[PDB]
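Accompanying notes for the structure given below.
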Amino acid sequence: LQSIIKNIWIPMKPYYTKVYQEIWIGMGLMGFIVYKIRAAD
Amino acid sequence: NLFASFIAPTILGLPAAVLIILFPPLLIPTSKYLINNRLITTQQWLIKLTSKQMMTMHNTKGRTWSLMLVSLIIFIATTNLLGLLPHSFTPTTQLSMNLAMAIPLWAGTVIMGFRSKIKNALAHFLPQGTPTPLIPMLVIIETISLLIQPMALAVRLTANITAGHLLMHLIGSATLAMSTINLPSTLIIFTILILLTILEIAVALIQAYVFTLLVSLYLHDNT
Amino acid sequence: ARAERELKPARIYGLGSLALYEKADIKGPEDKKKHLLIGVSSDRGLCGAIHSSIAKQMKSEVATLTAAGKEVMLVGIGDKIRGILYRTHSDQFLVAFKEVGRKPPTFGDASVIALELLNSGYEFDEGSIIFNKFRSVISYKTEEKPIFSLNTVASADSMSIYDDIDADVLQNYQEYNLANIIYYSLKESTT
Amino acid sequence: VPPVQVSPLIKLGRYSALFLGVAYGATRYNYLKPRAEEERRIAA
Amino acid sequence: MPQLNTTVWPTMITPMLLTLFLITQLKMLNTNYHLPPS
Amino acid sequence: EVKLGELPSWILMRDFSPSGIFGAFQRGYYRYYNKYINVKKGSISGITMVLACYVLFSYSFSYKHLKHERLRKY
Amino acid sequence: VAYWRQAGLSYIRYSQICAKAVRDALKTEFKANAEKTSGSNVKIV
Amino acid sequence: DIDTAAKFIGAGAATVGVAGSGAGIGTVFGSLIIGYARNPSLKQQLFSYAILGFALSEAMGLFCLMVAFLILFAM
Amino acid sequence: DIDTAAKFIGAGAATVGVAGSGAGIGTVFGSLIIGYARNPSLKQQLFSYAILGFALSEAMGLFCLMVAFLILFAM
Amino acid sequence: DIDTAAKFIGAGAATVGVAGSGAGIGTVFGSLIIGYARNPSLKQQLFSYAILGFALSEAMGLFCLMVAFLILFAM
Amino acid sequence: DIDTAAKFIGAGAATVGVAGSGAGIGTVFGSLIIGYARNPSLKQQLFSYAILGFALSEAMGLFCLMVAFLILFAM
Amino acid sequence: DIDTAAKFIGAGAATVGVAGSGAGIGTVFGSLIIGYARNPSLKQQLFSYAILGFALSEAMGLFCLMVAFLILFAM
Amino acid sequence: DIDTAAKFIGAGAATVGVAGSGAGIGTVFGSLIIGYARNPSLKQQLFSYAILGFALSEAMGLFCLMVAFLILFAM
Amino acid sequence: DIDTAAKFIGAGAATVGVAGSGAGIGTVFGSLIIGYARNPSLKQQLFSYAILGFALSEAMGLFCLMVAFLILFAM
Amino acid sequence: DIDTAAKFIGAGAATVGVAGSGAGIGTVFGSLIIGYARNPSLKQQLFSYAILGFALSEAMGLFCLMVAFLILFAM
Amino acid sequence: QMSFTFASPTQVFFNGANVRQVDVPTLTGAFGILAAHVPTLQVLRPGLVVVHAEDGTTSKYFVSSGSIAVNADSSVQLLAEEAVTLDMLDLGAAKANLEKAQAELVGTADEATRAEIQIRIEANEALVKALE
Amino acid sequence: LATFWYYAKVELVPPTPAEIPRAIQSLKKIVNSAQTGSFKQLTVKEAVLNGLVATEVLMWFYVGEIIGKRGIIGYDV
Amino acid sequence: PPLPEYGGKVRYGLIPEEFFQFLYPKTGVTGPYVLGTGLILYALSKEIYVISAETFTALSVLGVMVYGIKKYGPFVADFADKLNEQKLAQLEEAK
Amino acid sequence: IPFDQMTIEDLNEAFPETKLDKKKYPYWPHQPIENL
């Protein structure tokens, strides 16, 4: 709750919210690919 | 028997791959001081030099990714270097981790080029001064080229580390097998092994820098 | 008058020719022995202390070089300098030139002097040209410009930054700079 | 390097256990070796 | 090839996603190069 | 601390909570860091010792495979 | 090493010949003052 | 049986394709030697391009080895 | 059977053809090193041509891999 | 049967011949880099020749792929 | 039967030999780019030699394809 | 039978070796283009060497075709 | 049996891939000769790059030999 | 039988290795063209080195043909 | 039997890999010609590097022949 | 960044002026010089020099024989014995000189003199091809 | 180098006959401590030290087994 | 707070002097040495440390590491220090 | 306090010119990469 939002999320906010957006879209695509790969096996 | 070094490790039944993968950052201590020990001095100099190398060629929109790219290279380099110690499991030899490092970043940069920049993004699928009877065909080429960009990335690491490690191990076998036959032959094979280990150090650092550089080039072409 | 009109473009020219030896910092050969000493004067006297200054510097310098062990061969552009320095330094003399001074010196003159400086068969290790640098309508100063050989410009380490150079292209370049520096100096002396 | 010689208690326990340890290593060999070699024959 | 055993993939993806996107980045964010004094 | 106690009660007096074990590990890292790394004129030993422990841990999980390559039989 | 160097010609001779060829191909309107501004007069001795 | 046999033959054939990356890396670093001996002030940038070229060439090489194992163990 | 066996052999043979793209990419980026150390002011345009050449060479390489899978899984 | 098997093997062998066009295209565009960094004013004409060379090299490559399909589906 | 099968395999192997003409044509026209960017006044004669080189290289290539059909249909 | 079949396969394999002469002739005449655009006064002698190089390279190529027929018809 | 036979064939095919490293090492040290005869003052650094290039090229070569033994003795 | 058949196949495979000497001779005499158009006064010595290079390259080529006959007639 | 047959086939395939050393030696001595016609005063050192390059390239070639005999007589 | 000093022995066309690119016909081939060009020094052969100005406009001169030097400091010195504009030359005289020079070439028999005739030939030929 | 035999000859020697009564003295001391229970009063510092000297002498027993089989890695049998 | 001027006196890069001094009172100076040899012999004798290819790749990387240290170590130490002292001097000049 | 006891915050206070412009450059490294 505390010191997790303090030392982990305040510094990473400018990146997780604005810079890494398409990175998150890509992680969605990657997760879908990995799900389909592990499924066809 | 031979690929045993690339099987997911377990200790007492637990997945030690977690510890192995999370350990590298423990080797980059940080401090608020102005004048600190030799370790942090050298590491900050290295990160300064790496950021100067990787990020200078970008405009500001790309330079926003400086944290991500320098962290990428610092993670991969220490992972590969820690893979060289004896009896160690190198998580970069796994296709899983490398695909998960490649597909996110590359997809993110291609989408970033596709959200803004959209005209130039669809235009770069065609080289500029291409003559007319090749404008359609070439597009397919570029298209499939793009579609192969991420997988290539992943493989270019997963193979190059994996192969590398196998090689050393094999020569290891060789020298052991010749330890009971010809002692000078054992020594010469051990010399081959030493040269190969030096090559492996260099190729670990180079593969880290290459993964980073190619993600950087995709970023630059899509910002 | 016309002389100082032609001297400005010729000064730009002849100083651009030397920009290489300045940006490359050719240090000159400190080991080589043979030297070629050119002196620029005219054929007409009664013009002041021009020829006297040229001859005094040339004979002083050749004396110092032959005292240091280096053999010097003297070339005199102009009848005046040849006359005034022949008496004491005739043994050390390579070739002389006349009919300079009546007409304004041109580039053909420099080409001819350079030809007879190369076809003379005297492979000089280093050289110097002594002329009267025009400073103003009142003042002139005796200057000594250097002339490098092929082996010294080739052996110079900064010339390793210059690409596509071998013995042939440096040979052509050194010959043409010899001609250029002679033209520039001639134009500086007639003013 | 100046001598920092073992303390007398070291001499005591170290020496007694050294003697018993080497002797017991010999007897452990002579205990495990015969069964070892008969199983060497039993290799087939 | 053990790399092909697609049943052990998550345990390789998940910690990496941390190390590459949280812990190493948090360690760089604490690496600051102040400006030079006068 | 240990190296002084000779009673089992200490083992019951210490904490065994998640935050507790996290704190213990953190105190350990800082003790090692302050002793061998975080000094000027520090030595390489401060790192090679960590690397040696890493090799020991990596040999520990690699023993299950190595036991199939034993050279003798007893 | 071009042909004229193998014949023994210095670069000075090459420059003379090429410049004279360009000069002779000048239109007569400029040719006179051109070949005056570049003609030689030194004598060898 | 015939399938394991042909898998061996196919792996050998597939691994032949590393010759191209061998020669391509040779060419890259040879041209790096030349381009450096030509303008040794751009060394940094030169080396950058060197690595890049290497990265792509060996990339193709790894692809070959990839198919090799794809044939030897995957199927 | 004989068909799966020959499909393996044919995939290996087909993948051999990536050697050419390996060597071609090596040559492209080596000549880029040289052309840059020559005239480092045209860098931008040079790199443009570099990529273009790469694009075509690796294109052929992918064609090879294409036939590889065409033989391994398609038919 | 043996004929479908050999058709697969022959298609793989035939497709190997694309390596030459890969390397030839690499060489063409590498020499284009060099010739441009040499005399960047003839760029237009240079590129013209570039394409021409490409056209012929890849032409041979396509011939190879042509025989590939000629073996895989035609006969 | 075994003969038609081996004829397919032999045609594929034989057609591999077009890679050399692919690479040779690439080299010819790449060197033409360079030689033109270096003395663009001899263009005509250069192109003459270009074609000549091409003619011989592709000649060898056709020889390969010749044997291909010699094996596929002739006998 | 198996011998005629293997003779076909061996002829195809043997004819592969013409690729080297294809590429070598390409290189010879490409370097002739360059060496001519360099010093167009030695043209005659240049061409002499050109032919000579060609003669040897294609010589090796013919050797390959020689073995081809040696396998296809001789034995 | 058929498996040992195909293992031999696959090892031979796999070892073919050392040709690329042979040619790549040739190119590296040839370009080293040239780059040295160009600016013999950078010799040290030149040789450094030479070795580096060598290291990578022969690396690929060893990979080939690696698969060779992987097929001959491993499985 | 199977042995004569495989001897034919092995001779064809072995003779493939003449491609390298074809290309190497091409490169040698192409570089001779260039080095002559550069400094036509060292012609004699140049040609000396030319022959030497040729001698070694074709040497390897003959080795290949050597193994060819070693397989076709010797055993 | 099938094993001697496949040993022949594997030896031929393995010996193919000498082509790379043929071409690499060709390139080394061709670049030696050029680098000598460039700066004929460093001849000695040039030749030194020449031999060195040769040594490594042919080294790879011998490796190939090594595997050849390893397959033909050793096992 | 490019300081170009195209100069004749009696005229100056540029002095430290900033142009974007120049093409020069060196004895070892033609090439384009731009900023930061690798440092070179070369001697010229009769032919066209095309100066591309920063305004995109090009000034075409014809030089007979000089020396180009590209320095580490982006300074380019082009010194030409006879630099002329293209309208300053005519085509008939150049053609006549070329043909009479070829005739004398087939006439002349001494080595150095033959080389001189061939130099005249190449100058006049580069001249005619530069004109039209 | 030669310091090795120095320290070994002063320290790594079997018990002299004058020390075997000393030896039984020490052994009776340890078993007396076990008899009373004073080991519970031992701080884990000296306890760990004694454990280490015990591990060292057990290693001496294993080295003796090594000298018994005239081989090192396992039983040559 | 300032930093101490030295570390912890580790021997052979792996074992701190504390161990040697702690075994000294009860087994002397050769105490720890003989303990280590005994443990190594019991390790590679009971096959708890199997000898395999990993043994020789370990020896290879250990040789490379020890040579790398003993060769490029003092240089890295002095480089790190000089970085520090240049920073300090630049600050004390800007004071 | 001598500079070996100083924290980057203390340096930023005693020499306010060294404060990184966290407004003109919001993302790491909080300064132009050429200065970096």
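Going by the structure tokens order, chains are called A, B, ..., each with residues numbered from 1, while ligands are numbered from 1 in the order shown.
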Which residues come within 8 Å of segment 14-29 of chain S, counting only C-alpha atoms, excluding same-chain residues fewer than 6 positions away, as a ChimeraX atom specification?
-> /A:14-15 /B:64,66-67 /E:29,32-38 /S:36
Which polymer residues have any atom within 12 Å of an atom of residue 123 of chain P, counting only C-alpha atoms, with same-chain residues fewer than 6 positions away left out, as a ChimeraX atom specification?
-> /G:14-25 /P:25,27,44-48,62-65,94-95,97-98,101-102,116-117,129-130
Could you write those residues out with C-alpha atoms, as a PDB file, in the first residue's frame?
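File part.pdb, as written:
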ATOM      1  CA  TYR G  14      51.086  18.674 -68.824  1.00  0.00           C
ATOM      2  CA  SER G  15      49.650  21.866 -67.379  1.00  0.00           C
ATOM      3  CA  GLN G  16      51.323  23.956 -70.067  1.00  0.00           C
ATOM      4  CA  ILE G  17      49.914  21.808 -72.862  1.00  0.00           C
ATOM      5  CA  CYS G  18      46.393  21.658 -71.447  1.00  0.00           C
ATOM      6  CA  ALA G  19      46.291  25.383 -70.721  1.00  0.00           C
ATOM      7  CA  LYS G  20      47.582  26.188 -74.202  1.00  0.00           C
ATOM      8  CA  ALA G  21      44.960  23.921 -75.738  1.00  0.00           C
ATOM      9  CA  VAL G  22      42.203  25.629 -73.764  1.00  0.00           C
ATOM     10  CA  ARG G  23      43.635  29.015 -74.728  1.00  0.00           C
ATOM     11  CA  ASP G  24      43.813  28.272 -78.452  1.00  0.00           C
ATOM     12  CA  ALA G  25      40.168  27.185 -78.328  1.00  0.00           C
TER      13      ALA G  25
ATOM     14  CA  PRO P  25      37.693  16.243 -62.887  1.00  0.00           C
ATOM     15  CA  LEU P  27      43.499  13.012 -63.005  1.00  0.00           C
ATOM     16  CA  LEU P  44      43.231  18.005 -62.349  1.00  0.00           C
ATOM     17  CA  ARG P  45      42.684  17.211 -65.996  1.00  0.00           C
ATOM     18  CA  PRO P  46      40.948  19.468 -68.533  1.00  0.00           C
ATOM     19  CA  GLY P  47      37.250  19.451 -67.912  1.00  0.00           C
ATOM     20  CA  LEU P  48      34.187  20.916 -66.308  1.00  0.00           C
ATOM     21  CA  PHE P  62      36.083  24.830 -67.461  1.00  0.00           C
ATOM     22  CA  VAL P  63      39.539  24.310 -65.979  1.00  0.00           C
ATOM     23  CA  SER P  64      42.640  23.228 -67.849  1.00  0.00           C
ATOM     24  CA  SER P  65      45.011  21.945 -65.179  1.00  0.00           C
ATOM     25  CA  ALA P  94      38.029  22.894 -80.514  1.00  0.00           C
ATOM     26  CA  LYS P  95      36.898  20.333 -83.099  1.00  0.00           C
ATOM     27  CA  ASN P  97      42.290  21.280 -82.938  1.00  0.00           C
ATOM     28  CA  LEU P  98      41.178  17.796 -81.892  1.00  0.00           C
ATOM     29  CA  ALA P 101      46.014  16.716 -83.160  1.00  0.00           C
ATOM     30  CA  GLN P 102      44.858  13.187 -83.985  1.00  0.00           C
ATOM     31  CA  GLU P 116      52.464  15.639 -75.796  1.00  0.00           C
ATOM     32  CA  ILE P 117      50.245  15.184 -78.835  1.00  0.00           C
ATOM     33  CA  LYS P 129      32.551  17.002 -74.919  1.00  0.00           C
ATOM     34  CA  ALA P 130      32.137  19.716 -72.299  1.00  0.00           C
TER      35      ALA P 130
END
Non-local contacts of residue 4 of chain G (12 Å; only C-alpha atoms; under 2 positions in same chain excluded) as a list in words |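 In the requested form, the answer reads residues 172 of chain C; 1, 2, 6, 7, 8, 9, 10, 11, 12, 13, 14, 15 and 17 of chain G; 41 of chain L; 111, 112, 113, 114, 115, 116, 117, 118, 119, 120 and 122 of chain P.
Across the model, the gap from atom CA of residue 37 of chain L to atom CA of residue 22 of chain O is 28.7 Å.
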Write out as a list in words which residues come within 10 Å of residue 43 of chain B when counting only C-alpha atoms, dropping same-chain ones fewer than 2 positions away.
-> residues 27, 28, 29, 30, 38, 39, 40, 41, 45, 46, 47, 48 and 49 of chain B; 31 of chain E; 80 of chain R
Write out, as a PDB file, in the first residue's frame, the residues just selected, with N, CA and C atoms.
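The resulting file, part-v5.pdb, is shown below:
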ATOM      1  N   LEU B  27      23.196  -6.268  -8.984  1.00  0.00           N
ATOM      2  CA  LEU B  27      24.593  -5.932  -9.192  1.00  0.00           C
ATOM      3  C   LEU B  27      24.792  -4.498  -9.633  1.00  0.00           C
ATOM      4  N   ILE B  28      23.747  -3.689  -9.649  1.00  0.00           N
ATOM      5  CA  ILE B  28      23.894  -2.287 -10.002  1.00  0.00           C
ATOM      6  C   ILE B  28      23.461  -1.469  -8.799  1.00  0.00           C
ATOM      7  N   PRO B  29      24.276  -1.350  -7.763  1.00  0.00           N
ATOM      8  CA  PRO B  29      23.870  -0.537  -6.627  1.00  0.00           C
ATOM      9  C   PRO B  29      23.878   0.921  -7.027  1.00  0.00           C
ATOM     10  N   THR B  30      23.066   1.708  -6.336  1.00  0.00           N
ATOM     11  CA  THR B  30      22.906   3.121  -6.617  1.00  0.00           C
ATOM     12  C   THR B  30      23.095   3.918  -5.339  1.00  0.00           C
ATOM     13  N   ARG B  38      34.135   2.840  -5.855  1.00  0.00           N
ATOM     14  CA  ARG B  38      34.656   2.603  -7.191  1.00  0.00           C
ATOM     15  C   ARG B  38      33.636   1.889  -8.057  1.00  0.00           C
ATOM     16  N   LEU B  39      32.838   1.022  -7.450  1.00  0.00           N
ATOM     17  CA  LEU B  39      31.850   0.278  -8.210  1.00  0.00           C
ATOM     18  C   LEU B  39      30.839   1.213  -8.853  1.00  0.00           C
ATOM     19  N   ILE B  40      30.215   2.076  -8.058  1.00  0.00           N
ATOM     20  CA  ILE B  40      29.211   2.969  -8.610  1.00  0.00           C
ATOM     21  C   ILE B  40      29.838   4.007  -9.521  1.00  0.00           C
ATOM     22  N   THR B  41      31.060   4.439  -9.230  1.00  0.00           N
ATOM     23  CA  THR B  41      31.749   5.348 -10.139  1.00  0.00           C
ATOM     24  C   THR B  41      31.853   4.742 -11.528  1.00  0.00           C
ATOM     25  N   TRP B  45      29.777   5.759 -15.014  1.00  0.00           N
ATOM     26  CA  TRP B  45      30.492   6.132 -16.226  1.00  0.00           C
ATOM     27  C   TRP B  45      30.061   5.270 -17.397  1.00  0.00           C
ATOM     28  N   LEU B  46      29.904   3.969 -17.172  1.00  0.00           N
ATOM     29  CA  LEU B  46      29.482   3.088 -18.251  1.00  0.00           C
ATOM     30  C   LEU B  46      28.098   3.451 -18.760  1.00  0.00           C
ATOM     31  N   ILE B  47      27.164   3.736 -17.854  1.00  0.00           N
ATOM     32  CA  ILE B  47      25.812   4.080 -18.277  1.00  0.00           C
ATOM     33  C   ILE B  47      25.795   5.421 -18.986  1.00  0.00           C
ATOM     34  N   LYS B  48      26.618   6.363 -18.539  1.00  0.00           N
ATOM     35  CA  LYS B  48      26.727   7.623 -19.252  1.00  0.00           C
ATOM     36  C   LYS B  48      27.202   7.398 -20.674  1.00  0.00           C
ATOM     37  N   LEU B  49      28.257   6.606 -20.840  1.00  0.00           N
ATOM     38  CA  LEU B  49      28.771   6.349 -22.176  1.00  0.00           C
ATOM     39  C   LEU B  49      27.749   5.617 -23.034  1.00  0.00           C
TER      40      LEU B  49
ATOM     41  N   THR E  31      19.897   6.913 -11.029  1.00  0.00           N
ATOM     42  CA  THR E  31      21.208   7.249 -11.565  1.00  0.00           C
ATOM     43  C   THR E  31      21.066   8.594 -12.263  1.00  0.00           C
TER      44      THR E  31
ATOM     45  N   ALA R  80      38.760   4.580 -11.963  1.00  0.00           N
ATOM     46  CA  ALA R  80      37.670   4.968 -11.082  1.00  0.00           C
ATOM     47  C   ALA R  80      38.106   6.065 -10.128  1.00  0.00           C
TER      48      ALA R  80
END
Would you tabulate, counting only C-alpha atoms, all residues of segment 17-85 of chain B that have an atom at most 12 Å from an atom of segment 54-64 of chain R, showing the closest pair of atoms and their distance in Å to one decimal, sorted by chain then ascending number, as a Markdown table?
| residue | atom | partner | partner_atom | distance |
| --- | --- | --- | --- | --- |
| B:81 | CA | R:61 | CA | 11.1 |
| B:82 | CA | R:61 | CA | 11.3 |
| B:83 | CA | R:61 | CA | 11.1 |
| B:84 | CA | R:61 | CA | 7.5 |
| B:85 | CA | R:61 | CA | 6.9 |
Counting only C-alpha atoms, which residues of chain B come no farther than 12 Å from chain S, as an MDAnalysis selection string?
-> chainID B and resid 31:37 44:71
